[PDB]
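Readers should treat all values here as calculations from the given coordinates under stated rules, not as data from a laboratory. Cβ coordinates were reconstructed from backbone atoms using ideal geometry, including for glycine residues, and neighbour counts include every protein chain displayed.
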């Protein structure tokens, strides 16, 4: 209690100093309990058995008590500083004393598997650091391999963290790789949902990088072709086939979960894309599986008004109605994979049909109104009735499907004045059901199926100016004005959902670099339009962005304030500070406020002045 | 060019001699529509399914021509010619029969220069099939193959059962594998592996735990840790207090010394450490 409290008051103090220049002039900088304890660890190398006993204990104590809590379920600095110190003690003491290494590791892992209510994310860091130090030591640890066995009872979030941090160990031990693959495989047959949901995550992460991870063959990989004893030897015809036919086995294995619960299906639609963009020989098998999945929900008969069969996505068992399959996510996945297929992969009748379906689905979705869905005044969407909840899901799939085809038709043609009206009509349908759901009350936030990349590109194309005479078709979207702040409101939702969680919905949803890039493109577009209602929305997004980049992408603050500027060459990198960049951005906003105040307009906008 | 040869090259798949790979002109699925369409449009549909299989079987009579059909094709990879055909439904049941026909010849054969064991590569084709047309029969064949298989091979054949057999047949397996366990203490390890990943009756499982714990004396010391792990992971629901009590009496009243008692207690410690359902049931 004494040590713990001294750590907190030591941080609270050195926090107060940075609080005021008044204190900095009077008080010479003080040595803090932090760097003292970290010295005790450094002086422990001299064989103090009595000290390390208490160190590890104190290490976890800080991590236990001051670790994240409220972050999972909905002065946090002195919490962070205590927890950082806590993890440093344990990490640092691990690098020093050999024989307590396995001891620490047993205790770090033990919290990882056993807690499950409270966020374990900060221990997974320590764990990931312990391995990043000297993986050869832990390569053989059975305590790390045992964990794979309880990997089925662990919440999907912990499994991921466990698999990410454990990869540096999967690049050494074949046995650990096989022992993982075996465990993942029998999870596919487990009763509990969360076990199969983990197994999909493992196999989706496996296929992601095979070219990297599986360059050296495992015992499961070699065996797909029937070779048990091959080691140290590669004659590639049967090595390259052992790799490919094994991957295929994984894909055939993933496929049968597409017949399972909606939750797993969606988890699969998100993975299949990142697997397509890395391992590129799986393209035709992925495209295959998606096209076989869509062909179930697609009505081939031209002039059959609901082109997708919506009532099929809802299962009925014992007065309980669940959504099975996200026909709208099925589309999104196909939409992005098809895009990669056409843009890339040109070094045949498969991706040709999928494109034709999407357009058929576009045209018939557009001209079918409400009698074909059987909704509104007819079906009243009451959530207490089986009839109402099954309807609610339809209204939702219809909105998601409209969002996808809207995002798909934009990629089809930039220059056709014809297809923009389809984009508009696809929006008009979406807003038809978005109106119907709110008028009905209801219980729309993260619902947007638009990839961040598109929202960036869409926005850039709407506000762009510089419109050449052939590009006038854009005026179909630009003059709408509802589609105008639908587009903006999506970005505003994504940037807002970027603060809540750390992720985004669509492809490249969680990719600290890819997210950061779009933030740049979305910000420099909003920043122009604000300095050209929308202006207020542009400011609101502009502000949400800045505060994100600072509390997430903080190390990149430099390159970010570069992206908003223009170029700047070379010798300037030595000439341009973060204080240089920052001030220049400040001068522009403090200008538009000054101009907000100086103007005589009867009413000065309070909302604008506040977030300005 | 026989019925088999000509109808394949019509459907886009051109057969290639030697250790090269059979070449697929169109998408692996598009070839699957074509080969079905060819077989339905032929003047005698009913009999041609036998005609196509026969050509397949005779072309297959070459050991090298066989290992080409079991291995990936050529266009960005697709699967093997045999797997492709295994997909087609009308063609599936007759071809599954064939595969098991050719298996015995390679059963006791060792691995060749390449290291490819023909016996295991044949069965590997059945892995993760979209749908099994004749299910009841695929199981019987598999079981009768497991019965006669070499003791090195038969350990990998039982372990694959969940992958080979569909969800519908897991019941038949239970009564089968069970009887195999009473006749073999050497099959304990792989059998328990499968028994974890199938769909089973609580009443049936309980019958396993008994036959496992009673014959636990004739199990190798290497397999004690692997076997105790099955016993403690079947405890998730509440049979827990019952299982543990039995597990205790069998540990009580009934290098080698160390590594055994050490690795067995590593499984039993981590058991009660992680899962409270256990520790409290032992208390």
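Side notes on the structure shown:
- Compactness of segment B:1-110 - radius of gyration and Dmax, Cα, Å: 13.4, 44
- Taking the C-alpha atoms of segment B:25-174, convex hull volume expressed per residue in Å³: 124
- Convex hull projection area averaged over all views, segment B:174-228, Cα basis, nm²: 3.5
- Fraction of the pair-distance distribution of segment B:98-241 above 18 Å, Cα-Cα pairs, percent: 59
- Modelled spin-label separation between residue A:15 and residue A:346, with each label point placed 7 Å from Cα along the Cα-to-Cβ direction: 5.7 nm.
- Per-residue ellipticity at 222 nm computed for the protein assembly as shown from its helices equals -20500 deg cm²/dmol, with DSSP H segments shorter than 4 residues left out and the rest contributing -39,500 (n - 2.57).
- Kirkwood hydrodynamic radius over Cα pairs of the protein assembly as shown, then Stokes diffusion coefficient at 20 °C and 1.002 mPa s, in µm²/s: 67
- Kirkwood Rh in Å, taken over all unlike Cα pairs in segment A:261-389: 16.3
- In terms of overall dimensions, the C-alpha atoms belonging to segment A:39-179 reach 41, 41, 19 Å along their principal axes, ordered largest to smallest.
- Translational D in µm²/s for segment A:173-260 (Stokes-Einstein at 20 °C, 1.002 mPa s, Kirkwood Rh from C-alpha pairs): 159
- Extent of segment A:567-607 along its three principal axes (Cα atoms, max minus min coordinate, largest first): 48, 14, 14 Å.
- Per-residue average of Cβ from other chains inside 10 Å of B:194-200: 2
- For segment A:127-192 versus segment A:27-74, the inter-centroid distance based on Cα atoms is 28 Å.
- Each of A:604, B:157, B:36 was scored by other Cβ atoms within 10 Å of its Cβ. Listed from fewest to most, they are A:604, B:36, B:157.
- Out of every Cα-Cα pair that chain B contains, those further apart than 30 angstrom amount to 44 percent.
- Segment A:412-455 and segment B:45-121 have Cα centres spaced 51 Å apart.
- The smallest convex shape that holds all Cα atoms of segment A:473-581, its convex hull, gives 133 Å³ per residue.
- Separation of alpha-carbon centers, segment B:250-283 and segment A:559-612, rounded to whole Å: 66
- Note on segment A:275-327: Cα Rg divided by 2.2 N^0.38 Å, N the number of residues, gives 1.51.
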